[PDB]
Asks: 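Input: one structure, supplied below.
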Amino acid sequence: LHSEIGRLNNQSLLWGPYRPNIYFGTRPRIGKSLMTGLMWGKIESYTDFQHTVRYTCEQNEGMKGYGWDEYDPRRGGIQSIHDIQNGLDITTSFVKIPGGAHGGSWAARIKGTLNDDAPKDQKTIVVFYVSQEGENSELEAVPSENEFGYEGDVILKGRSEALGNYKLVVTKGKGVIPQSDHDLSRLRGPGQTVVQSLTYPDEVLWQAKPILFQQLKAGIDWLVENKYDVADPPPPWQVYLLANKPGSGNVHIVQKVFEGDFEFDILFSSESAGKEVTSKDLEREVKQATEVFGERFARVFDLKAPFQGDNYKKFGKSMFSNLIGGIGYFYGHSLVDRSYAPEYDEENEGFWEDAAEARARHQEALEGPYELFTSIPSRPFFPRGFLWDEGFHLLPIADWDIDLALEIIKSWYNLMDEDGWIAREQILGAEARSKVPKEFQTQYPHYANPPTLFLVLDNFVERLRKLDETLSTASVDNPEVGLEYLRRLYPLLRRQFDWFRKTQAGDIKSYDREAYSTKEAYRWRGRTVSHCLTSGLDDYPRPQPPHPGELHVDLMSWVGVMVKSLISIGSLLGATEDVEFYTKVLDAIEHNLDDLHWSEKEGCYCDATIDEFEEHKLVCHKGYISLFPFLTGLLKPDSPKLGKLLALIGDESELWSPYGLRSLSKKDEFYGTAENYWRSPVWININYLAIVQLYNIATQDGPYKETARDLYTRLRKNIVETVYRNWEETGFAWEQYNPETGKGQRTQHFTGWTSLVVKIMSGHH
Ligand SMILES: O=[N+]([O-])c1cc(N2CCOCC2)ccc1NCc1cccc(CN2C[C@H](O)[C@@H](O)[C@H](O)[C@H]2CO)c1
Ligand SMILES: *[C@@H]1O[C@H](CO)[C@@H](O)[C@H](O)[C@H]1NC(C)=O
């Protein structure tokens with residue numbers, strides 16, 4: 001049955017718009033196969049199209065916004081693009097039609113509506129770019145009956161091992177198609193849909209923009225050669241209309257020009273399915289997917305007071321649909337320093353200078369290829385896998401579709417090397433590398449990231465204890481299937497645990513360090529004078545200078561989270577030897593959190609170093625780090641330490657702003673200094689952890705139940721309304737929020753863990 005659910009999840013999830021780095025495109029979960037991409041731009045002059053054309057996601061003054069209004073990767077979705085520069089409101093509706101043996105069929109409608117400001121007769125160029133990688137696959141444009149291009153539909157006929165036989169149709173579309181009475185029309189036609197069919201080596205097919213412009217430039221070179229000149233120039237839209245040359249190749253460019261409003265359809269028909277897809281199919285399936293999205297949303301994300309209103313519901317659907325709509329399929333080589341240079345052990349003072357010298361040897365090499373199926377923080381800015389972000393992304397996704405969440409976790413754990421390392425940042429293939437400066441591509445096998453993916457597995461275990469609709473819950477509805485998933489994953493989870501203890505070890509023994517345990521102490525590798533990027537809290541102030549004796553209380557808490565998950569999953573699997581080892585470790589972390597990281601003087605947890613005089617010194621910077629044992633749920637609800645942390649959380653003069661908890665206390669000397677990234681702003685991911693833990697305490701007998709209930713109620717309200725007000729005014733989820741003003745700041749489209757807000761609204765954790 002596990003096998004069967006496997007095959008059905010593959011077939012369900014194979015096709016999608018799994019190219020979140022571009023406005024609209026499709027690819028299957030196959031490395032070397034069929035990819036599609038949409039381009040558009042106004043053309044008003046001989047030189048503006050190069051500057052107006054849209055392909056890869058950006059955010060600037062020229063784009064009002066964009067995002068998914070609805071999405072489910074099994075069914076499809078509707079995306080809205082609001083383009084100020086090109087005067088266009090675009091709708092891309094995508095829908096999946098199951099059948100046959102090759103992951104089924106799909107359809108998309110592209111709709112462009114000129115905004116009020118645009119000239120009514122604006123000319124818009126639209127390109128549908130189709131590419132196919134694979135040594136023994138084929139794709140052919142069926143020629144038109146007509147001389148110069150297509151009056152109707154364009155038909156591509158294709159074959160591969162992976163997809164079988166298929167046809168891809170770009171429909172004629174609705175809208176005015178401009179006509180040229182110029183002399184050139186004798187040789188290029190008056191104006192019509194055109195197709196150019198090309199071949200390049202498989203590894204450059206992704207470079208859609210340069211491949212297009214190279215064809216456009218050949219077109220213009222031909223005009224200059226053939227006496228079309230400034231005495232009598234063709235109109236700009238005809239100078240930029242490719243000469244029709246359909247045929248066979250691994251690239252197919254389908255170009256249309258519209259005057260005013262336009263729409264056209266893309267119909268992908270898997271031959272192994274029944275009848276080929278029609279525009280009527282598309283319209284029907286789009287209606288259906290919308291009804292299904294509506295029904296699932298009211299079940300899965302039932303928003304509780306005071307967020308029951310339609311305005312909060314619209315907000316929730318937008319925050320949710322952008323998070324799940326960010327799911328991409330990435331394939332290619334990763335850049336990795338496999339030197340394991342000894343400078344990376346960081347056992348000396350000044351270790352960051354040694355580590356710099358090792359990096360400057362540039363021993364990194366490309367390795368893989370690898371594949372990843374994952375949600376992303378940011379389409380325009382960070383369209384790739386981030387290890388601790390994904391833990392946050394999958395909490396709402398797992399509610400919606402636990403089986404999808406488990407596929408993504410599986411995809412992440414298939415990246416783990418023999419040692420138990422997954423790169424914190426997954427830059428797979430040249431297309432992914434193009435969005436990243438060379439200096440920042442290289443991953444390091446000694447750099448960890450919080451294991452937030454365990455928090456999702458915790459939600460799954462609690463659920464496992466206590467056809468699309470069926471597939472979505474098959475791994476909890478069939479406990480046999482769920483246990484078997486954990487059985488295969490468990491060894492990887494245990495390998496990572498051991499990797500953390502081996503590679504991120506703190507030094508107790510070699511200093512005057514008293515503690516209940518000689519084993520349990522941890523230090524994030526990879527820290528520089530002003531940063532600790534591996535912790536995920538880039539510039540939170542840490543002990544100065546960095547030191548091999550440093551201990552980080554957040555890292556110990558994360559190991560705590562891991563052991564509690566391994567106890568749970570080990571138990572379900574009856575790994576009794578293993579569960580006994582974990583239990584001793586958990587008891588040891590509970591004691592050493594206190595002996596090594598608790599400040600009675602400050603009333604909070606702190607990182608440690610060793611002094612100028614080689615003694616253990618606590619270093620207290622009141623903020624998120626200080627709360628970590630509480631945030632990761634390691635503290636008993638009756639703990640006096642917890643009560644002191646609730647006093648810090650609630651204190652307006654330290655962390656409590658009207659807009660949520662400040663990353664750093666207003667009292668801390670590093671408040672609003674340097675880049676001020678994690679040194680004051682309100683971050684939705686850590687606020688979410690705090691809201692879940694306050695709720696935990698509010699729903700138990702104990703001495704802080706009522707303090708927790710009050711703080712839970714207000715914190716939930718402050719975080720949701722801050723993100724809501726900003727979405728209302730700007731159309732964006734933001735990366736962080738200003739604790740003085742409430743404004744969203746840094747990066748837009750952060751869906752992204754800011755989308756945790758859908759879960760905070762639905763409550764009942
Ligand atoms: O140096 N940069 O290439 C760079 C460029 C830009 N630009 C691009 C063009 O213009 C607009 C903004 C912005 C920031 C950076 N900073 C470093 C950076 C690298 C990768 C991800 C993140 C975001 N998160 C940071 C979180 O702290 C972490 O926890 C989380 O895991 C991670 C993923 O969400 C930050
Ligand atoms: C989907 O299934 C095929 C064959 O059953 C397999 O090769 C592939 O690995 C599966 N998915 C992924 C991305 O592994």
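Remember, it's 1-based here, ligands and their atoms both numbered in the order they're listed. Note: hydrogens, waters and symmetry copies are ignored here, and every other heavy atom, side chains too, is used. In what follows, residues are counted from 1 in the order of the sequence shown.
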Asks: Check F392 against ligand 1 and report side chain, backbone, both or neither, counting heavy atoms closer than 4.0 Å.
Replies: neither

Asks: Note the single closest protein heavy atom to atom 12 (C) of ligand 1, along with its residue, its atom name and the distance in Å.
Replies: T747 OG1, 4.0 Å

Asks: Can you pull out the closest protein heavy atom to atom 29 (O) of ligand 1? Residue, atom name and distance to 0.1 Å, please.
Replies: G536 O, 2.5 Å

Asks: Classify the ring geometry between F750 and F382 as parallel (under 30°), tilted (30 to 60°) or perpendicular (over 60°).
Replies: perpendicular

Asks: Which is it for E735 and ligand 1 at heavy atoms under 4.0 Å: side chain, backbone, both or neither?
Replies: side chain

Asks: Can you tell me how the ring of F732 sits relative to the ring of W734, calling it parallel under 30°, perpendicular over 60° and tilted otherwise?
Replies: perpendicular

Asks: Could you find the nearest protein heavy atom to atom 5 (C) of ligand 1 and give me its residue, atom name and distance?
Replies: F382 CE2, 4.8 Å

Asks: Would you check whether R384 has a nitrogen or oxygen atom less than 3.5 angstrom from a nitrogen or oxygen atom of ligand 1?
Replies: no

Asks: Does any N or O of ligand 1 fall below 3.5 Å from an N or O anywhere on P377, backbone included?
Replies: no

Asks: For ligand 1, which atoms have a heavy atom of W678 less than 4.0 angstrom away?
Replies: 27 (O)

Asks: What atoms in ligand 1 come closer than 4.0 Å to a heavy atom of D538?
Replies: 26 (C), 27 (O), 28 (C)

Asks: Please list, in number order, the atoms of ligand 1 under 4.0 Å from a heavy atom of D389.
Replies: 30 (C), 31 (O), 33 (C), 34 (O)

Asks: Strictly distance-based, threshold 3.5 Å: is any side-chain N or O of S665 a donor or acceptor partner for the main-chain N or O of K622?
Replies: no

Asks: Do the two ring centres, one from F268 and one from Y166, sit under 6.0 Å apart?
Replies: yes

Asks: Under a 3.5 Å distance rule, please check whether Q441 uses its side chain to pair with a backbone N or O of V436 as donor and acceptor.
Replies: yes

Asks: Should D83 and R54 be marked as a salt bridge (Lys or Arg N to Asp or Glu O under 4.0 Å) after you check the CA-CA gap, both sets of side-chain angles, and the distance that decides it?
Replies: CA-CA 9 Å; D83 185 342; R54 296 302 194 183; 2.9 Å; yes

Asks: Evaluate the side-chain proximity of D468 to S12: yes if any heavy-atom separation is below 4.5 Å, no if none is.
Replies: yes

Asks: Would you check if the distance from the ring center of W753 to the ring center of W388 is below 6.0 Å?
Replies: yes

Asks: Which of the numbered atoms in ligand 1 are under 4.0 angstrom from any heavy atom belonging to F381?
Replies: 11 (C)

Asks: Does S375 use its side chain to pair, donor to acceptor, with the backbone of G326 at less than 3.5 Å?
Replies: no

Asks: Over 60° means perpendicular and under 30° means parallel, so tell me whether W15 and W106 are parallel, tilted or perpendicular.
Replies: tilted

Asks: Distance under 4.0 Å to a non-hydrogen atom of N10: what atoms of ligand 2 satisfy this?
Replies: 1 (C), 2 (O), 3 (C), 10 (C), 11 (N)

Asks: Check step by step if side-chain contact (heavy atoms from CB on, under 4.5 Å) holds for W558 and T452.
Replies: CA-CA 8 Å; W558 285 123; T452 55; 3.8 Å; yes

Asks: Among all protein heavy atoms, pick the one closest to atom 1 (O) of ligand 1 and tell me residue, atom and distance.
Replies: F440 CE1, 4.6 Å

Asks: Which is it for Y540 and ligand 1 at heavy atoms under 4.0 Å: side chain, backbone, both or neither?
Replies: neither

Asks: Below 4.0 angstrom, counting only protein heavy atoms, does anything approach atom 33 (C) of ligand 1?
Replies: yes

Asks: At a 4.0 Å threshold, what atoms of ligand 2 neighbour a non-hydrogen atom of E371?
Replies: 12 (C), 13 (C), 14 (O)

Asks: When you measure from the side chain of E407 to the backbone N and O of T374, does any donor-acceptor pair fall under 3.5 Å?
Replies: no

Asks: Does the protein put any heavy atom within less than 4.0 Å of atom 16 (N) of ligand 1?
Replies: no

Asks: Could you point out which residue of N685, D554, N687 forms a side chain to side chain donor-acceptor pair (under 3.5 Å) with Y624?
Replies: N687

Asks: Of the protein's non-hydrogen atoms, which lies at the shortest distance from atom 25 (C) of ligand 1, and what is that distance?
Replies: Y677 OH, 3.4 Å

Asks: Are any non-hydrogen protein atoms located under 4.0 Å from atom 3 (O) of ligand 1?
Replies: no

Asks: Judged by atom type as modelled, is there a donor-acceptor pair below 3.5 Å linking the side chain of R424 to the main-chain atoms of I422?
Replies: no

Asks: Does some non-hydrogen atom of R424 fall short of 4.0 Å from ligand 1?
Replies: no

Asks: What atoms of ligand 1 come within less than 4.0 Å of a heavy atom belonging to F750?
Replies: 34 (O)

Asks: Before signing off on this row, confirm whether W683 and ligand 1 have an N or O atom pair separated by under 3.5 Å.
Replies: no

Asks: Near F386, which atoms of ligand 1 are under 4.0 Å from a heavy atom of that residue?
Replies: 20 (C), 21 (C), 33 (C)

